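Chemist: An experimental structure, sequence included, is below.
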Amino acid sequence: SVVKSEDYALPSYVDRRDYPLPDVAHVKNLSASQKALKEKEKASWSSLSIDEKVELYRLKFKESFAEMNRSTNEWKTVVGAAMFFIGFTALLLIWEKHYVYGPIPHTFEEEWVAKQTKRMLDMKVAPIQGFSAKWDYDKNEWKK
Amino acid sequence: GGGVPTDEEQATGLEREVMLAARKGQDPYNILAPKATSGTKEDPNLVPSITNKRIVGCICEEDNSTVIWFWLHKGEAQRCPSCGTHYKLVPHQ
Amino acid sequence: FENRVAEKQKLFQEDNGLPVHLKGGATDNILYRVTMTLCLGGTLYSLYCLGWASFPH
Amino acid sequence: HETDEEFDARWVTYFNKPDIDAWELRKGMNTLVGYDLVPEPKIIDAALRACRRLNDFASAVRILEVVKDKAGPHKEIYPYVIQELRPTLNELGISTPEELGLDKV
Amino acid sequence: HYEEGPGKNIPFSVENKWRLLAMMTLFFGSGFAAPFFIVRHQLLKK
Amino acid sequence: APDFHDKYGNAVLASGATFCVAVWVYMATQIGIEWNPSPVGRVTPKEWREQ
Amino acid sequence: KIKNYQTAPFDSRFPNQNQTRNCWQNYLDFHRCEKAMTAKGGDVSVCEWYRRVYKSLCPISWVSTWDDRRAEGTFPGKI
Amino acid sequence: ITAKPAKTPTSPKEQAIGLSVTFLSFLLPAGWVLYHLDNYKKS
Amino acid sequence: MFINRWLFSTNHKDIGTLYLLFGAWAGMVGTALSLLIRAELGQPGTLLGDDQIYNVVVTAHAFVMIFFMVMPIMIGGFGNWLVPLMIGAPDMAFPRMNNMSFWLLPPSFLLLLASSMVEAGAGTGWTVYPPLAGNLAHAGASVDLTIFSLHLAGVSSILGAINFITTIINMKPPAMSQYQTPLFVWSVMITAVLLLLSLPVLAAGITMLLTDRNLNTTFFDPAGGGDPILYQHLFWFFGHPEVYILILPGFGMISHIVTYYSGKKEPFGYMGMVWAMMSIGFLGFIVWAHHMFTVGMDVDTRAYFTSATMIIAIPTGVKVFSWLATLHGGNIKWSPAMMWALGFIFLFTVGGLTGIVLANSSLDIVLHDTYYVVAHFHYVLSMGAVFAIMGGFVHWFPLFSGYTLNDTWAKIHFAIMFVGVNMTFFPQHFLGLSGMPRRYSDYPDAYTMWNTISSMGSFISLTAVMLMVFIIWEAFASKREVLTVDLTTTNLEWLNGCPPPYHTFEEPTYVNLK
Amino acid sequence: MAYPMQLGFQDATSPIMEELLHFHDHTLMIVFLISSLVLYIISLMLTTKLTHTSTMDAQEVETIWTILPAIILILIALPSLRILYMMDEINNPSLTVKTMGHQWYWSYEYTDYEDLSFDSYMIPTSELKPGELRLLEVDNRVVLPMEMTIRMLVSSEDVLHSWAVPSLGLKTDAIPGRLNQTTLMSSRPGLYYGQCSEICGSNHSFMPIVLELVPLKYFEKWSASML
Amino acid sequence: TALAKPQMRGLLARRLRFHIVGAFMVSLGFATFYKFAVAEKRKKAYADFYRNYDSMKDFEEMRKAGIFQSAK
Amino acid sequence: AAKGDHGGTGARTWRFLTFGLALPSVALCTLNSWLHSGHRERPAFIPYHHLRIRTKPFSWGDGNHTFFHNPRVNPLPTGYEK
Amino acid sequence: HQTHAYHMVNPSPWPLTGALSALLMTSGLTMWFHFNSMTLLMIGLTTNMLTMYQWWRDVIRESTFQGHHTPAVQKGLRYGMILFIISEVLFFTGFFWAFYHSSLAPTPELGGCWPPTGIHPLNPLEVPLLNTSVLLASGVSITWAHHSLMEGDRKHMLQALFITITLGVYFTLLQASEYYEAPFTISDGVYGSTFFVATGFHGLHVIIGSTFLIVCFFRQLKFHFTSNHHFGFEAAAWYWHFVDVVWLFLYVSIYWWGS
Ligand SMILES: CCCCCCCCCCCCCCCCCC(=O)OCC(COC(=O)CCCCCCCCCCCCCCCCC)OC(=O)CCCCCCCCCCCCCCCCC
Ligand code: HEA
Ligand SMILES: CCCCC/C=C\C/C=C/C/C=C\C/C=C\CCCC(=O)O[C@H](COC(=O)CCCCCCCCCCCCCCCCC)COP(=O)(O)OCCN
Ligand SMILES: CCCCCC/C=C/CCCCCCCCCC(=O)O[C@H](COC(=O)CCCCCCCCCCCCCCC)COP(=O)(O)OC[C@@H](O)CO
Ligand SMILES: CCCCCCCCCCO[C@@H]1O[C@H](CO)[C@@H](O[C@H]2O[C@H](CO)[C@@H](O)[C@H](O)[C@H]2O)[C@H](O)[C@H]1O
Ligand SMILES: Cc1csc(-c2sc3ccccc3c2O)n1
């Protein structure tokens, strides 16, 4: 059980599905009954009960493969907390637009943009694909 | 003419220790690579140490780029976890 | 000149716990304190000069 | 390199050494599960009998666990291996992880 | 000799998590704040 | 025993997604940010030239 | 002589993007020819091709600076 | 990796304090400067 | 005791810790400068001032991030911590000179600060091209303080390069050949060789700019027979080796991280990884003029540098595919460090591929000095070097400190950062292709949308940075002490515990030759 | 010019810019293909419980990892260099125009016949006429004859600048003491915009370029009227 | 009753080869889609635009719209 | 070169080279130099604009004299000083 | 305690004082160039000398007096010195690059020729040739010094090393005289720029190398060197040969080909 800091130079226990038989037993110190269980293990294992067999496993190993490989719900915490802080970021952007940014130039007014759009169509801005190509000069409208 | 001291006359400190030990064919400060034995349990590699544990790096096969590192402790010979060659610590000093 | 290296080896291998830059004796401490004072005093003066130079005159 | 039959024969021989010790058992299993294969039942059989000679019931159950693990999403491999091992499991008194409840999360 | 182990191999104290918070606040905060106040400094010159 | 994610996972995911969508939709549409989208299919061109 | 001059034609001596020496060479060539034609009483009009090319190629401020320095006696090229 | 339990556990409330204090140490000084930008420009 | 340990250090671990603290503090400075950049661009118009203040911010943003954040953290920080441990050495070859390499950086940082405080700052770009950086267009002390800052940082790295090369060549176990050293050790040595060869050329270049500004030389002044293009050659002869200096230690940490969290004992194709890093370092010295495709060079020179630049993709591709081959068949542990490394592999690949686009001088005519370039290097620097730094930090933090991070918080941090960085810089491809120039404080109205999205992304990354500081606090606040670490048999740096003792390998490792 | 929400290059106005568009399409497909393959393989490596952790032999597979990229690089270099030298090909221009960079404006010189020169400043935002483009319009445009090969000569009289027109695939650095040459051929009339492309001080963003492409006859009359 | 012996060797290598071939197939499929939706589309758009393009007529429309400084 | 003188390259051989070749060469160059010495006639001053560069005053003297200014041979931007 | 051969250095203040001296020298130069004062600069230079003296003093204490320079430590110092010289080669390479850039493509402002109009170069066969024979001769004498030291000859070591130092001083005095006598200055365009900056940095390295040799001279007087252990001399000899080769390149490039 209890692993210590000054133990780092000694062989240790791990639960790894690619390292099924670790270097040491999970439990090194045996009680009186655990000592007798290990003695019984030297005889036919058919004479061992289910509980005794489970107990032998839990002395050698900490977690089973099913336990060590189990899935968790951590992704809900990770994805949800990430969306909170991304949401909190929008609060910073709202504060910046309100207290830091002044008005944008007058060229973004609706009437400027409408006249600017015609002049761009008058000079045939991007007439092959990008812009004027999407205006119908015969019907005087945006192509459908 | 002379007048220039030699290392035998004037070398001191750790330099002198390394010089005198090399003249006896000894390597207390680990300048040389030890030559391996066959590494069996009967003929293990003998690892000197001034303490009761030392880190061993095992190049399991010639030209392996991966080195296998483990603590070798005082007591019964231990085996490299990759190739199984035996190492036994010999504390001294 | 005579070879007095043995005397210097004995002085600087003396088991007194002093670091090498102070093991020569009291003169080492004086030269250290002169050096560190000029460095730290000069550094503070450079910060003053930055403060002065950071505004128009 | 070597054929499948020669690979299996090397590993059967490895685990069949009468005086195999605990280190060699762990070394064999930990090395074997590094390969891109689920070990043949005859290899597991030899490994389980090595556990018997070493009086190590728990490692025998663990070996059965890693057979299932090495199969990945191919659920049909582990029931087949257990099927082929049932005579050995009965002879030696080895309960499966399922029979012991060790397949529960 | 010097102190060894977790929390002892660093030039700052972690003995008290709240004093540490104040110090990490001053440390990283001063670095982040510095360019804004240098922006301010340059704007206030002309 | 159930850990933090078993107890609070579903709530953290649901609240976080709802808070994030709501505040970014608000910021995008309600505070006067000019995205300057394409005029194609959106703007009616207006006479610009004068005498 | 071979007129209808549009602009300075391609010159194999100066085939790259850096055209500094092209302008420099023709400016030298014109004023070297002009000096030869002035001293011997001939006609500067034979230097005309060099004049058109350097006027086409050289920035106005380059010609004006070079002209000022020829008059000051500080022009570093050989004419 | 395996580790001991926290020698000085940091409760959810304590983490809320540390997170809030950390964010405020970044946001308040810069916010102050950016809020007063016009005071700096037209001056 | 405190002054002796932290001001007079001759210990590779403590000095590494000093570098990490310095680089983290500088990372705050560089981050704030980056927000000031994107705040100016976050909506059309002006916010701060005109281009001088804006491009003093831009210039310092590059200098702080490159010379004071990435290089001290990767080379001075991880290098000093890991390299001696990974070869079983008791310390660096020159442990006292090692300390001066660090302590040259705070004064170097102070000099950069001074340049922005005096006069109107150095608004030159981190390339410091003359004549804009000359004494007529930038009269005053600002540019000279920038030059001196680079001088001190240059000396620091040059001496550090001498230290690393000597340590890696001379202080290995006698049985260990160079082909038995971990890939990170290889990446640091190669980086150190590039530093040794490139920084002296930069020092010469900027010294000639110093004398042009103050001693009436005319290296770069046509009036005296000089050439501004000469400076560009001298800078970029250092300039490209520098960007590979920035990424190579990242390459080495990625190799270790991908190998570790794939459950592998070794990376795929060790010798191929060595060959590729050595080929990348060699090729990085003969391609510099791809930063000058629009200065007026001959077509044959532009044909060579186009071809020589693109060859780098072959050794780099070997590394990318070897990392993928290391993942292949692994028992994948989805740690936060692994996520950073997986984000590195993809995002570095994207930025590398856009570099290959820029390598074509014909296409570079339209893309040079546009935000397509900014998109290229932020994908390799801000999504390569930083992700490698973040992966290395969260992987080795338990080794350096002895405490564990909160893995859930760290995964949350990665997720916020991944969204913020991609929202910031991916739309900058569109701005570049459509013709938005670099180093602009304002843009034509058509460029509004992508600049707006990009600046919003920068705020998301700010939230990640603030969360990172909290996560580090939480780890030190809770004090979860490390117990066991996996795979110590192929990760020597962990084998002395967490943290390792002040003195490690006082008795060297035992490695026989057979 | 660029339009809102633009993703790619401005529409080509010159045959060379057309060539760059098709080369970019060719290269961008390869960029998409390799990054997608890398992303897919990453997900492939990460989505199986099957394991293989013993030593892997690398020799055979690295031939593939080296020959295939080498072929791809050649498939990029071949059209890239063809366009490179096609840009450099000898052409016979009928007009030479010089542009000088300044802080912070462009001056232009037409000195083939007359000494025509003028300055070109950005129209301030408060003085824009309805429908004109912020930061892009100039007071005096660069009037040029359409469908003719023009030699542009670029230099500067102070710091570095760069004379760029994306529509025509043009960008030539403006360097004091140096005369850089590029070739200009517009297939169409109209207005074509660019901006200074080398950091040059306080008004780097505010010294744009506007080309006005018209028939020869209108250019000749405009030139005479500008003396 | 008894279960049949499944394949037990090389499952990882077989999964890899299958999907590498899969990725190759999809790559060819994308290169065809890209040639059709991007590359050929761009060639045809420019080819169609210039086939009967009249630059003087284009200029006259621009002149009549009043965009030029040099042509009223 | 035509000195055999090979075998062990020792202190004696290198002293031989020092006194037999190296220092004699220095004496000959010293002789040669102290024969072509003596001042030559300084050339006419021409205020060339690529020479006598002044973009910032020097940080010593009056800001207009170079560091090792020689009045005899180094003219100022305005010419030789008297 | 240690069973390796490497040197664990005592904690030391000289890294900090050296770093602060660089701050003072660089801020001093800025103070001198822009604010008409030499105070910071003279403090930085003073602390720089003090740092270098005590730093290298301690290295002598650690090696000659304390014996920490084992063969492995010496091998490391060999790599360090070789790598440092390499970095110095690349530093000068940038100046040779600048010289050849300007001289192979002379601009119109020069007259389109090299040497530029109005530049009257020094005669390469007079003092520049004398300087060449001086440094070449000092390479011979320092090689005699080395072999004398290895063969245990104290007197001839000091004689050869003194001759080497005298030649280095001779070169410096000749160059100082050439500088004063030159009819061109550092402000005479790119010719004067490349000439004095390249030869000036070399002259500084000659003074540095002469100082290093003088240190070795007095250490030899005090019997510091053994016939087998004397890296301080070897490093100074490598640095001196580097100084010699740089001059040979300067002579061929700037004095001879560039005339
Ligand atoms: C993946 C990219 C790098 C990482 C970034 C991750 C963040 C997510 C973004 C990422 C999500 C989208 C990823 C592909 C976007 C392609 C957009 C495009 O149509 O590009 C077109 C071209 C220009 O071509 C044209 O002229 C065609 C004009 C067609 C116009 C039609 C109008 C329709 C409107 C469409 C609006 C799109 C708005 C997009 C707005 C996007 C705002 C963020 O632009 C360019 O060249 C841009 C230069 C890109 C250079 C780097 C390539 C990296 C490829 C990695 C992908 C593999 C993994 C995928 C799977 C990815 C899974 C992660
Ligand atoms: C970490 C830093 C870093 C890295 C690694 C790179 C990597 C590369 N860079 Fe980048 N670059 C910069 C930092 C970096 N760059 C910076 C800072 C600038 C601008 C400086 C300034 O002006 O301020 C810049 C600018 C820059 C330009 C100039 C653009 C301009 O200014 O006009 C060019 C052009 O050649 C370029 C090219 C490359 C290339 C070819 C690579 C290659 O090394 C990338 C190779 C990687 C890959 C190609 C992906 C992996 C390979 C495969 C998956 C195999 C399959 C691929 C193929 C078959 C192609 N870079
Ligand atoms: C044998 C003589 C050796 C020279 C001794 C003279 C002073 C010592 C200074 C050493 C500086 C070394 C490099 C300096 C660069 C240029 C100096 C050129 C050498 C020189 O001294 O040349 C003189 C210039 O003097 C001048 O102004 C120089 C005035 C002082 C300028 C100091 C500038 C220092 C700049 C240091 C920059 C950093 C250095 C590199 C650090 C790199 C770190 C990686 C020429 O004199 P003149 O009056 O033009 O007339 C000549 C005809 N009578
Ligand atoms: C007058 C104008 C002054 C201007 C400022 C310049 C000042 C001059 C500095 C000149 C160089 C002085 C170097 C003195 C070094 C003395 C210490 C020393 O040399 O110590 C030796 C090792 O040195 C070692 O690190 C070798 C270390 C060599 C390092 C120095 C190399 C030169 C660096 C100079 C600075 C570069 C500047 C570049 C500027 C562009 C000790 O080993 P040994 O000698 O084998 O013997 C020990 C035996 O006794 C045992 O039996
Ligand atoms: C780029 C990194 C930063 C971007 C995001 C910044 C987020 C801002 C966080 C809050 O900052 C505070 O904002 C207050 C306003 O909400 C300011 O008070 C100012 O405004 C108050 C409200 O009008 C007044 O009461 C105060 O006196 C006045 O100082 C205050 O100075 C500032 O610290
Ligand atoms: C407004 C502005 C432009 S640059 C600048 C700053 S802040 C700063 C902080 C530390 C080091 C350098 C700088 C630097 O150059 N602020």
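Modeler: Looks like it came in fine. Numbering: from 1, shown residues only, chains lettered A, B, ... in the order given. Ligands and ions are numbered 1, 2, ... in the order given.
Chemist: Excluding sequence neighbours, find me the nearest residue to the residue of chain F found nearest chain H.
Modeler: Using CB to the nearest CB, residue F:4 is the residue of chain F that sits closest to chain H, at 9.1 Å. Where C-beta positions appear, they are placed from N, C-alpha and C, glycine not excepted. Excluding the flanking residues, the one nearest residue F:4 by CB to CB, 6 or more residues apart in numbering or on different chains is residue A:77, at 6.8 Å.
Chemist: didn't the one you found look like it was pressed against residue I:408?
Modeler: Yes. Between residue A:77 and residue I:408 there is a contact at 5.8 Å, judged by CB atoms under 8 Å.
Chemist: so where do the helices sit in the stretch 51-200 of chain M?
Modeler: Listed in chain order, the helices of the stretch 51-200 of chain M (DSSP state H, counting those that start in this stretch) span residues M:71-104, M:127-150, M:154-181, M:189-221.
Chemist: Check whether the first one comes near chain B.
Modeler: By that I understand helix M:71-104. Yes. Under the criterion of CB under 8 Å from any CB of the partner chain, chain B is reached by helix M:71-104 at M:71-72.
Chemist: Could you give the number of residues near the closest residue to residue I:479 other than its chain neighbours?
Modeler: Here the nearest residue to residue I:479 in space, its sequence neighbours aside, is residue H:7; by CB to CB, 6+ apart that works out to 4.1 Å. The local packing count at residue H:7 equals 12, with neighbours defined by other CB atoms under 10 Å in any protein chain shown.
Chemist: still on that earlier bit, do you know which of the helices of the stretch 51-200 of chain M lies nearest ligand 6?
Modeler: Distance to ligand 6, taken as CB to the nearest ligand atom, is lowest for helix M:71-104 among the helices of the stretch 51-200 of chain M, at 26.0 Å.
Chemist: Could you give me the buried positions within that closest one?
Modeler: Using 16 or more other CB atoms under 10 Å in any protein chain shown as the test for burial, helix M:71-104 gives M:72-73, M:75-81, M:83-84, M:86-88, M:90-99, M:101-103.
Chemist: Quickly note the distance from the nearest residue to residue E:41 once chain neighbours are set aside to residue D:57.
Modeler: Residue nearest to residue E:41 in three dimensions, not counting chain neighbours: residue I:117, with 6.4 Å by CB to CB, 6+ apart. Using CB to CB, to the nearest Å, we find residue I:117 at a distance of 75 Å from residue D:57.
Chemist: more crowded one of these two?
Modeler: residue D:57 (26 against 20).
Chemist: for that one, phi and psi?
Modeler: Recorded main-chain torsions at residue D:57 are phi -70, psi -40, according to degrees, to the nearest 10.
Chemist: correct me, but it touches residue A:56?
Modeler: Yes. Using CB under 8 Å as the test, residue D:57 is close enough to residue A:56 to be in contact (4.9 Å).
Chemist: list residues touching both of these two?
Modeler: In the contact map built from CB atoms under 8 Å, 6 or more residues apart in numbering or on different chains, the residues linked to both residue D:57 and residue A:56 are A:41, A:48.
Chemist: if we can go back for a sec, what sits against the residue nearest to residue F:4?
Modeler: Contacts of residue A:77 were listed using CB under 8 Å, 6+ apart, and they are F:4-5, F:8-9, F:12-13, I:408, I:412.
Chemist: if we go to 10 Å?
Modeler: F:3-5, F:8-13, F:16, I:408-409, I:411-412 (CB atoms under 10 Å, 6 or more residues apart in numbering or on different chains).
Chemist: what's the answer for residue I:83, then?
Modeler: Counting by CB under 10 Å, 6+ apart, residue I:83 touches I:12, I:16, I:75, I:89, I:92, I:163-164, I:167-168, I:171, I:181-182, I:184-185, I:187-189, I:192, I:252, I:493.
Chemist: hmm, back to that, from what I can see the residue of chain F closest to chain H touches residue F:12, true?
Modeler: Yes. With the criterion set as CB atoms under 10 Å, residue F:4 and residue F:12 qualify as a contacting pair; they are 9.0 Å apart.
Chemist: rewinding a little: tell me how far the residue of chain F closest to chain H lies from residue I:332.
Modeler: Taking CB to CB as the measure, residue F:4 and residue I:332 are separated by 23 Å.
Chemist: Give me the neighbour count for the residue of the stretch 201-350 of chain I found nearest ligand 3.
Modeler: Checking the stretch 201-350 of chain I residue by residue against ligand 3 with CB to the nearest ligand atom singles out residue I:203 as nearest, at 3.7 Å. Close neighbours of residue I:203, defined as other CB under 10 Å, add up to 22.
Chemist: okay but it is in contact with residue I:156, surely?
Modeler: No. With contact defined as CB under 10 Å, residue I:203 does not count as touching residue I:156 (11.9 Å).
Chemist: what's near enough to touch residue I:384?
Modeler: Residue I:384 makes contact with I:246-247, I:250-251, I:254, I:343-345, I:347-352, I:377-378, according to CB under 10 Å, 6+ apart.
Chemist: my bad, residue M:59
Modeler: C:20, I:96, M:9, M:68-69, M:77, M:232.
Chemist: same thing with residue B:14?
Modeler: Neighbour list for residue B:14: B:29, M:2, M:4-7, M:66-70, M:73 [criterion: CB under 10 Å, 6+ apart].
Chemist: so it is in which element?
Modeler: Here residue B:14 is covered by helix B:13-23, with elements defined by DSSP states H and E.
Chemist: quick one, that helix and helix M:71-104 angle?
Modeler: Relative orientation of helix B:13-23 and helix M:71-104, computed by axes from the mean of the first three to the mean of the last three CA atoms, to 10 degrees: 110 degrees.
Chemist: And helix B:13-23, what's buried?
Modeler: By neighbour count, with 16+ other CB under 10 Å as the criterion, the buried positions of helix B:13-23 are B:13-15, B:17-19.
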